[PDB]
Structure formats: C-alpha cells, structure tokens
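Student: The structure's right below; bear with me while I get my questions together.
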Amino acid sequence: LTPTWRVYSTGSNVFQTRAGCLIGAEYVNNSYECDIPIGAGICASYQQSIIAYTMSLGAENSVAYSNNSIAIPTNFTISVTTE
Amino acid sequence: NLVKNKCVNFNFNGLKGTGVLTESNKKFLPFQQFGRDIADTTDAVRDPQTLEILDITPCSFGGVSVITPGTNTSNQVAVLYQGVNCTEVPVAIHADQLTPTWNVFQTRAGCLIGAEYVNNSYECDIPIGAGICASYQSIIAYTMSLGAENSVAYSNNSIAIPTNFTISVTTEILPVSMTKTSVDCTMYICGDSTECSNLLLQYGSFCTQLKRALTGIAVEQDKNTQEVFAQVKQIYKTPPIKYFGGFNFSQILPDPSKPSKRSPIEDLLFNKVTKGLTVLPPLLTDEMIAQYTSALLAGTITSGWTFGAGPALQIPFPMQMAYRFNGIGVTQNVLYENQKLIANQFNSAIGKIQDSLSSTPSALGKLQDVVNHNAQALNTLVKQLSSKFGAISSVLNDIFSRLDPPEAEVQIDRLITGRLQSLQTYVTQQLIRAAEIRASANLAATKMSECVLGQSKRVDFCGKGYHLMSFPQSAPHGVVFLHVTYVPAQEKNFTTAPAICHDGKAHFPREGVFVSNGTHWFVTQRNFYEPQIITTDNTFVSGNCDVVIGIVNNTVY
Amino acid sequence: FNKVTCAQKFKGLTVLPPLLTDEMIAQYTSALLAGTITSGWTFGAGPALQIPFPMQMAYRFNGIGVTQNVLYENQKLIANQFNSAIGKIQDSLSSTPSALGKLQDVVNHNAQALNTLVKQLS
Amino acid sequence: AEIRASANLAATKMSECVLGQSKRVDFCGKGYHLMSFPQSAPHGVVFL
Amino acid sequence: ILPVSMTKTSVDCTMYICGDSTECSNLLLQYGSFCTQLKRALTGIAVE
Amino acid sequence: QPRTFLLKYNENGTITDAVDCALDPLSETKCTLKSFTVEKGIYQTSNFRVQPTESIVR
Ligand SMILES: *[C@@H]1O[C@H](CO)[C@@H](O)[C@H](O)[C@H]1NC(C)=O
Ligand SMILES: *[C@@H]1O[C@H](CO)[C@@H](O)[C@H](O)[C@H]1NC(C)=O
Ligand SMILES: *[C@@H]1O[C@H](CO)[C@@H](O)[C@H](O)[C@H]1NC(C)=O
Ligand SMILES: *[C@@H]1O[C@H](CO)[C@@H](O)[C@H](O)[C@H]1NC(C)=O
Ligand SMILES: *[C@@H]1O[C@H](CO)[C@@H](O)[C@H](O)[C@H]1NC(C)=O
Ligand SMILES: *[C@@H]1O[C@H](CO)[C@@H](O)[C@H](O)[C@H]1NC(C)=O
Ligand SMILES: *[C@@H]1O[C@H](CO)[C@@H](O)[C@H](O)[C@H]1NC(C)=O
C-alpha cells in the first residue's frame, strides 16, 4: 500500500472493539453523549483529534421511595416543543 | 390413431404439447381455425385428417393439497381437492397405492378424502379452509367452534354489580429490531477475480444502490431501539430498602448477584431466544438496554408516573396504586381496606409469569420468527452462488480459462446478471420486512409511553381489562410487557331504577347506580358493590318528578 | 353483501378460500352486537354484566360530559332521532355513490394483477 | 402490507369504538362519540 | 368502511413458466431456488 | 419407467435414502418440500402424480 495508508494500518492509537479494530482514535476513559456511532456502545467525536469512548445513557439521579413522604410542585413552566 | 380423454401428447400439424382432446365445441368456422382463448395456447384445434374439433385441456390441473400430522408422529394423509366435487376423478389412471387416498366429505373448498368428518366441534388445529379444520390415531375433520355458547339475561330494572376483583398479569411480546446485514457487492459477485471487477464497474452504480439501501436499514434498527427505550435520559436507581407496601418486585428488578444484572424474568427470556456478508453489531448492547429498562422500572415503582412528564416526584407505592384504582373507577378506600389481599394476588400472579413462558412452546414466538427469517434469507442468498444461471460454470475463473475472450463475455454477462438479480431480491425482502419491524417499533414505543409512563384509558390496548400498571422487560430483538389489569368477579343481581323521586322531586345519582336488595335503596359504584345510604350529598336534584320513566317511590332525606 | 359483488386455473393461478366463511364472520358480529346491547362496555373487560339500555345510554351520555337527566327527560325524542338516523343509512348506502369503493378497490387490484400475469405470457 | 395496516386500524376501532367509549377526537366518527355497531362486509368491516 | 383481508392467491411456479415442457423443468431447476422463494413468500401472505 | 426421485447424499456421494415421488401424496409432499421430514400442517403439491401418455402423431 501507499505510505499514507500505512499510518492508518498500524499505529499507537489502536483500540480493538467488538465491531473490529479502530485506528486513528484514542480511547478515553470518560463517557459523554453519542456523536458518531461506531458499534457495541462505542461512539466517536472530534474534540483537536478524534476520540472514541463509551456512550453515556444520562445523568445518574436517585429518587427516594420514602413512605409517608410526598413531593408536590409549587411552581410550573409552560414550554413549546416542535414536532 | 386418435385418443380422447387421455393425457396423450397432441401433435396436430406439428404442434407439440400434452393435453386432453375432449370433444368439439366453440363453434369453429372456416375463418376461425386454430382458435385460442385469453389463456392462448390454442385451447381448441381442428383435426388434420378430418374436420372435427378438439378442445385441449391441461392434464389434471387439480392443485391438490395434502394434510400431514407431521412426520414426527405416524404417517397419515388427507388430500383436499380444490374446486373438484365429490366425484374426484381428474385422472383415474394412476398408481394403485395412492388410489385409496384420492371416507368422503364435501367441503366448500372441495371434496376431502382421507379423513372422517366428525359432527362435533373443537378449537381449530390444522386449518383446511371453508370453516373446517383437521386433527390427528387418525386425522378427523371437524367444523371450527367460535367459542363457548353464552346468553345474557337482559332485563330492565335489573343490574349485575361485581362484588370481587382479580388482579391479572398478561405478557405481551413485540419485536423491536432486525439484524443488520452489510454486503460488499464487488466481493459477492466477483470473487478473487480482478477481471470480473473490470466488468462489474462497467455495469454502473447498481452495486452502490444496493449497498446504500442496506445502510438505511442498518441505521434504522438503532433508531428503533432508541425509540422504545431511551425515553428517559435520567437513570434512576432502585431504593436500598425494597419494602414497597408489601408488594414484591424481586422478579423484575435487577438481581445484584447476576453478573449481567438481568432480572430473573429477563434471564429466562434471553435463554429461550437462540462470502462478503457481514452482521454488524447493534449500537446498544444488552447491558445498556437492560440498564435503560431498569431506569424505567425504577422510575415507576417510586415517583409514580410523574417522571414521564417532568421532574420525578416521590410518592409511596400504597398511595400510587390507590390513585391508579381511582382511574379504573374504584374509590381509593378499596385499596387501603384490601391492601393485604391485593398484594398477595399481585405477588401470586407475577410468580406464575415465568411458568407460563416456560410451559408455552410458542412463547417468544414473535421474536424467534424474526431470527428464523433473516437467517434463512442469508442462507438462501449464499446458495444462489452455487446456482448455474444458465452458464458453463459457476466459477468465474473457470469460464475465463475455458473460453475465448469474445465467447467469455457472453457467459460472464449471463452470470453477472444472475448474481445481481438474486442479490437485489434479498434487499427488497429486507426493505419490506423493515417496514413491518418499524411498525412494531412505533407500536412498542407508544405502549411504552402510554402504558408504562402513565395509565391508559383505552379499552383493550395495554391489557385485557382495566389497565393498572405496566412493566417492560428487555429481550433479544424485542421487548416484553407485563400489564397489570383489573378484572371484576363474583357478580350479583340487584334491582335498579333510573331515578328516585322524593317529596315530589326527582333524585338522580351523582355517581354510581341506584340499587336495592328489595327492602331499602342504595347507591353503589359501577365496578364494586359498596352500598351507601342515600342522602342529598350523593344525589343531585334536577328536574321535576313525573318526567322520567321508571322512577320508584322512596325517602331520600 | 349484494352491492359489493376462472380460466386462470390452466396456468397455475389459484385462489384459496378463506378460513372463516361469510356466515361465520357474520355470526361473530352478532355476538358483538348482542354483547354491546345487553351489557355496556363490560363484556370486553371480563364477564358480561346486564344493564338496561336507557341506563347504559345515560352513562355514555355522562362520558361526553352531559348529566344523566338529559337522556331520561328526552328519552322519546332521542329514540326517535336515533331510529330515523338508522333508517337513512340503508338508503344512503343503497344509492352507491362510490361509497363502498374502498372495499371494491381491493378486489379490483387483485384481479388486475392476475390479469396482467396471464397477459404477460404472450 | 397496506391491508395489514388497515386491518390493525380496524382492530383498534373494534376494541375502542365498540367495546367502550373513546375520547379521541375524530376517531369514532365526527362529534362526541357514544357507541358504534360493527357490520360485516366482503373483505372488510363497516362501523356505524 | 375499512378493508380487512385480501384474496389469497397461490401460483405453481413450474406450471406458469413451462407449459408442460419436460425439458424446461431442467432449466428452471438449474436457475435456482426462486421457485421455492416465491411459493414461500405467497404462503406467508395467505396465512397472514 | 419415467419417475421423479429425491436423491439424498451423506457428503460422500452415496445414497442413504431416496424419496419416490408420485408414489403417494405423502411422498409427493416431501418431493415438493425437498426434505425427508415434513412438519405438521397442510401443503400444496406440484401435481407429480400425472405422467404423459403415448404421443399421438397427427
Ligand atoms: C416504610 O418502609 C420501611 C422500610 O423502608 C418500613 O420499615 C416501614 O414499616 C414502612 N412504613 C412507614 C414507617 O411508613
Ligand atoms: C416560579 O414562580 C415565580 C413566580 O413569581 C416565577 O419565578 C416563575 O413564574 C416560576 N419560575 C419558573 C422557572 O417557572
Ligand atoms: C374475593 O376474591 C378473593 C380471591 O378471588 C378471595 O380471597 C376473597 O375471599 C373474596 N372475597 C372478598 C370479600 O375479598
Ligand atoms: C419476593 O418473592 C421472593 C420469592 O422467593 C422471596 O424470596 C422474597 O423474599 C419476596 N420479597 C418480598 C418483599 O415479598
Ligand atoms: C337489604 O338491605 C337492607 C338495608 O340495610 C337491610 O336492612 C336488609 O337486611 C337487607 N336484606 C338482605 C341483605 O337480605
Ligand atoms: C320492563 O321490560 C318489560 C319487558 O317487555 C316491559 O314490559 C316493562 O314495561 C318494562 N318496565 C319498565 C318500567 O320499563
Ligand atoms: C308513589 O307512587 C305513586 C304511583 O307510582 C305516585 O302516584 C305517587 O306520587 C308516589 N309518591 C307518593 C308520595 O305517593
């Protein structure tokens, strides 16, 4: 192959995935929302360089099933969506 | 010589073909010779030696249907003749072995021979059509039954008010996504042959169109999963304590001991469900899909349904069920006065869910059908490579080495067209099946929003009966719902009246119906027998008396 | 049934009769019609519970937000209006101003596809 | 495939317009819905 | 008015293509499994 | 005698069993299904029962 193709054939930024081998992206231990899907829960984005990670479902919020306890609203907000 | 009413091969005036001569009809004329109908094929012919006419008929186009109790059991048959009446003599000449299997019954579809008709009726087993079914030591044909005969003793001034309920859980299975498949067109039809590729790009972007079409299907499957699940971005966590007012959820909440965190019901579901081509992995793995399911499950046990419309507002489960009971039309007092009974019924009902799935052979059949379909299509597509497609050899290289350059181009073009035709057929099937899966995905998404995130008043939408709750469970290429419904039971008859007139004024009930055992009149709701003393609070005075049909004298006070 | 309203067997084209006949289907609707008159919206969610029809009408009137006294005080007027409305249905459909065209288009397309299959053989 | 979509639609009308009272606007006819009556037809169904 | 079901049609592949031609049987057989594919596809429609 | 046979091979070019089509409706169904095992259900045959008679030259 051409010398330019060998850079993406074998390098330091190698991260095997269930989908297959990924070259040209660095695996980040942090998790964010999905930007470019890859497969098997792996998403990539161009932060300077292309970074691959695991997509995060969302913020981890815990509610309390405290019996004899209730939370009732004291305000409200009117919002308009778009379908 | 000439032979009539036989399967001989006619050769009048050098015209080949096999048929039945029959007789002379159709009013042949000197101009009208060698006549043919809309079916063409010269259905009528004139004799060469004589002036008679012969009407050609296809040799026994019966199209018979054979019913089999499966080769696993003993061998038996009952041939059903379509259109042919009780005579059943299309071609009497035939091997003597199958002569008995032409016990004669004439159905609307036709004459059935090989089984005994039973005047009794049962649930349909092997559908034969025309409202007749089959069932195997010997197969018997029985008229299908629409159900158990029932009669309602309709009568005015009479009402049947239930006195018991019954918490029932039902399982609903819905496929959500297919298996993504990607194919390299160049590799599939032109294997290890650069010369073949030199001829493939001459055809144009036909290969590109097929690849692009499959790309849309593949990206749609991830969207379908993102629609059913991923409806709540917040990920809630089951409370440490699991005392949900005596209710038990240990069969649906994630098991900490399980390495995959799948619930015991989810684990049962997972076990039951079992070149140039590629099977791309789904974007959302099971460990993440199950996490999405747990978030919805943990968001409904606590915080009620509010979490589906904004912030999650904690609400004790015994209170939550009460509100849901108000929806079906039962005053909350019923839930609090019968909390022990309802909790036991819910616990007992959910316990039998696993046994119902395990015992049923057709359980998770909808999910398995999807798996057995696309896998079969891939196997069928592979076998098309061995197909000759009217070529000297299926091996591209073989054709090149064994044929001249000006003679080869004919054969590869013949082979290239055959492979391309087979490939595009598979893509068309996937596109059609994608629409069917998409409809299920949209339907599954709707049930997630209306049955889980809230309570639905639609009749026979979430579950059979009055809908109370719904719990989703992940499954391979699909989802499973556990609808909790309200079913009345133990109904008793009472005497009713449209209104009660007191002191010259009509009193209609504000809610519920008017009942009386025979001595005193009462007011009860329409879904639970709760007698109540008639007063001015529960009855509103509207309109003058003597204007309503069926009023009864009483003292409302 | 009245207003809605071959040789292809030679070439292999066949028509499979439906599993449920017209009489069998009509029997199913009779059960639903009988179930929804004697009982109101209860036979579809459990055992059937008897209820007088005026009582059922009053509560379905309550569904749209109209009090029960309206139905009872106008029972004769409502019944006459309902009775006359049903009668106009028969003659309106009998005129056949392409009203049943939705069902006929299904049959027409099926015959069109079969016809063009035979004609393609020539 | 189109027939199946219509067949599924007919099932919903069967289960909501007839088996109960539907609050969905313009679903079971025009106006405030009260009740409906099924009527069999060749290769189809008719609601009143 | 809503359609529910359509006409269930089944066609024998061999008879349609070859008009009682024994030699044509061989050729169609060589073509592949399209005969089984079409019959199976129509069977699913009829059952549906 | 002209007949139709469903020959089965065991990956060694030897016949283990053969389905004699047109012998009876049970065997003809296997010939149409192209499988020695037939699942429970109703099936439509390909009309292998009939065979051409002697040709008539005219
Ligand atoms: C509330 O739940 C706890 C368990 O977390 C239980 O011990 C207690 O009896 C329940 N009732 C209260 C105090 O309302
Ligand atoms: C909360 O109520 C106050 C009323 O003065 C006002 O800030 C607003 O209406 C509410 N805030 C939001 C965020 O809705
Ligand atoms: C109602 O039914 C339940 C279960 O079917 C039974 O345990 C109970 O005794 C019945 N009666 C009452 C008053 O709950
Ligand atoms: C729920 O049922 C399981 C069944 O074995 C039992 O082990 C568990 O203790 C029960 N939990 C509650 C809270 O009833
Ligand atoms: C009928 O109801 C009245 C009203 O309380 C009661 O006095 C009487 O005992 C009841 N008769 C029965 C249940 O047989
Ligand atoms: C109740 O129904 C019977 C049955 O024909 C009828 O004769 C009677 O008049 C009805 N009573 C009332 C109050 O409608
Ligand atoms: C009692 O019933 C009779 C006959 O139905 C009626 O004429 C009368 O007005 C009713 N009320 C009293 C107080 O008598």
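Lettering and numbering for the structure tokens are positional, with chains as A, B, ... in the shown order, residues counted from 1 in each chain, and ligands counted from 1 in the shown order.
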Using only C-alpha atoms, which residues sit within 6 Å of segment 15-26 of chain D once same-chain residues fewer than 6 positions away are excluded, as a PDB file with C-alpha atoms, in the first residue's frame?
Tutor:
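Dumped to part17.pdb:
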ATOM      1  CA  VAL B 459     -60.010  -0.248  26.045  1.00  0.00           C
ATOM      2  CA  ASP B 460     -58.031  -3.400  25.250  1.00  0.00           C
TER       3      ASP B 460
ATOM      4  CA  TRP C  41     -68.537  -1.855  27.800  1.00  0.00           C
ATOM      5  CA  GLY C  44     -64.905  -6.559  26.703  1.00  0.00           C
TER       6      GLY C  44
ATOM      7  CA  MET D  35     -71.256   3.926  20.710  1.00  0.00           C
ATOM      8  CA  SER D  36     -70.695   2.022  17.483  1.00  0.00           C
TER       9      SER D  36
END
Student: Write out as a PDB file with C-alpha atoms, in the first residue's frame all residues of chain A that backbone DSSP assigns to strand (DSSP E).
Tutor:
ATOM      1  CA  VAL A  14      -5.116   1.244  18.308  1.00  0.00           C
ATOM      2  CA  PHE A  15      -8.281   0.262  20.214  1.00  0.00           C
ATOM      3  CA  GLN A  16      -9.927  -3.079  19.354  1.00  0.00           C
ATOM      4  CA  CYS A  21     -10.114  -2.797  15.189  1.00  0.00           C
ATOM      5  CA  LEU A  22     -10.127   1.002  15.366  1.00  0.00           C
ATOM      6  CA  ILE A  23      -7.141   3.079  14.218  1.00  0.00           C
ATOM      7  CA  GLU A  26      -7.745   7.445  21.227  1.00  0.00           C
ATOM      8  CA  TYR A  27      -9.921   5.649  23.772  1.00  0.00           C
ATOM      9  CA  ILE A  36     -20.776   9.410  15.680  1.00  0.00           C
ATOM     10  CA  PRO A  37     -21.967   5.842  16.321  1.00  0.00           C
ATOM     11  CA  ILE A  38     -19.475   3.002  15.934  1.00  0.00           C
ATOM     12  CA  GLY A  39     -20.981  -0.117  17.477  1.00  0.00           C
ATOM     13  CA  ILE A  42     -18.854   2.907  21.323  1.00  0.00           C
ATOM     14  CA  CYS A  43     -19.165   6.437  19.923  1.00  0.00           C
ATOM     15  CA  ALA A  44     -16.557   8.797  18.470  1.00  0.00           C
ATOM     16  CA  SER A  45     -16.163  12.582  18.140  1.00  0.00           C
ATOM     17  CA  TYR A  46     -13.572  15.194  17.087  1.00  0.00           C
ATOM     18  CA  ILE A  50     -10.724  12.101  17.083  1.00  0.00           C
ATOM     19  CA  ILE A  51     -11.622  10.487  20.417  1.00  0.00           C
ATOM     20  CA  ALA A  52     -13.501   7.223  20.926  1.00  0.00           C
ATOM     21  CA  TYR A  53     -15.362   6.364  24.123  1.00  0.00           C
ATOM     22  CA  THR A  54     -18.464   4.647  25.510  1.00  0.00           C
TER      23      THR A  54
END
Student: Would you please work out which residue, of C:32, C:18, C:42, C:58, is nearest to residue 5 of chain E when using only C-alpha atoms?
Tutor: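 Checking each candidate against residue 5 of chain E, we get C:18 as the closest.
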Student: Per residue of chain B within 10 Å of chain D, note the shortest atom pair and the distance in Å to one decimal, counting only C-alpha atoms, and order the rows by chain and increasing residue number, as a Markdown table.
Tutor:
| residue | atom | partner | partner_atom | distance |
| --- | --- | --- | --- | --- |
| B:432 | CA | D:1 | CA | 8.4 |
| B:433 | CA | D:1 | CA | 9.7 |
| B:435 | CA | D:1 | CA | 8.6 |
| B:436 | CA | D:1 | CA | 7.8 |
| B:439 | CA | D:5 | CA | 8.7 |
| B:457 | CA | D:22 | CA | 8.7 |
| B:458 | CA | D:16 | CA | 6.5 |
| B:459 | CA | D:16 | CA | 5.3 |
| B:460 | CA | D:15 | CA | 5.9 |
| B:461 | CA | D:15 | CA | 7.9 |
Student: Next, dump the selected residues to file, keeping only N, CA, C and O atoms, as a short mmCIF file (atom, residue, chain, number, x, y, z; two decimals), in the first residue's frame.
Tutor:
data_model
loop_
_atom_site.label_atom_id
_atom_site.label_comp_id
_atom_site.auth_asym_id
_atom_site.auth_seq_id
_atom_site.Cartn_x
_atom_site.Cartn_y
_atom_site.Cartn_z
N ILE B 432 -38.94 -4.60 2.73
CA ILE B 432 -40.32 -4.87 3.10
C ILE B 432 -40.41 -5.29 4.56
O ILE B 432 -41.27 -4.81 5.30
N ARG B 433 -39.52 -6.16 5.00
CA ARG B 433 -39.53 -6.60 6.39
C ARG B 433 -39.16 -5.47 7.33
O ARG B 433 -39.59 -5.46 8.48
N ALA B 435 -40.13 -2.38 7.10
CA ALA B 435 -41.36 -1.64 7.36
C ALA B 435 -42.21 -2.33 8.40
O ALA B 435 -42.78 -1.68 9.28
N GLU B 436 -42.30 -3.65 8.34
CA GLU B 436 -43.06 -4.39 9.33
C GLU B 436 -42.46 -4.23 10.72
O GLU B 436 -43.18 -4.02 11.69
N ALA B 439 -43.15 -0.70 12.03
CA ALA B 439 -44.49 -0.56 12.59
C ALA B 439 -44.56 -1.10 14.00
O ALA B 439 -45.19 -0.49 14.87
N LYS B 457 -56.52 4.91 29.40
CA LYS B 457 -57.95 4.64 29.45
C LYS B 457 -58.46 3.91 28.22
O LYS B 457 -59.64 3.56 28.18
N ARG B 458 -57.61 3.68 27.23
CA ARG B 458 -58.03 2.98 26.02
C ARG B 458 -58.42 1.55 26.35
O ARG B 458 -57.74 0.86 27.11
N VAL B 459 -59.51 1.09 25.76
CA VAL B 459 -60.01 -0.25 26.04
C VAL B 459 -59.24 -1.27 25.22
O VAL B 459 -59.11 -1.13 24.00
N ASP B 460 -58.75 -2.30 25.90
CA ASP B 460 -58.03 -3.40 25.25
C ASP B 460 -56.83 -2.90 24.46
O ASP B 460 -56.58 -3.33 23.34
N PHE B 461 -56.07 -1.99 25.06
CA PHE B 461 -54.84 -1.51 24.47
C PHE B 461 -53.63 -1.99 25.25
O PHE B 461 -52.75 -2.64 24.69
#
Student: Residues within 12 Å of ligand 6, counting only C-alpha atoms and all ligand atoms: report them as a ChimeraX atom specification.
Tutor: /B:153-158,495-499,548-552 /C:51-55,72,75
Student: Based on only C-alpha atoms, which of the residues in chain B come within 8 Å of chain F? I want them as a PyMOL selection string.
Tutor: chain B and resi 1-3+6-14+18+47-49+59-72+75-77+79+91+94-95+97-98+101+126-128
Student: Please check which protein, DNA or RNA residues sit within 6 Å of ligand 4, counting only C-alpha atoms and all ligand atoms, and write them as JSON, numbers by chain.
Tutor: {"B": [243, 248, 250]}
Student: Mind writing the picked residues with C-alpha atoms as a PDB file, in the first residue's frame?
Tutor:
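And here's again-v2.pdb as it stands now:
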ATOM      1  CA  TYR B 243     -40.455  -2.568  51.186  1.00  0.00           C
ATOM      2  CA  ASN B 248     -42.980  -7.868  45.668  1.00  0.00           C
ATOM      3  CA  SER B 250     -37.914  -9.232  43.151  1.00  0.00           C
TER       4      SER B 250
END
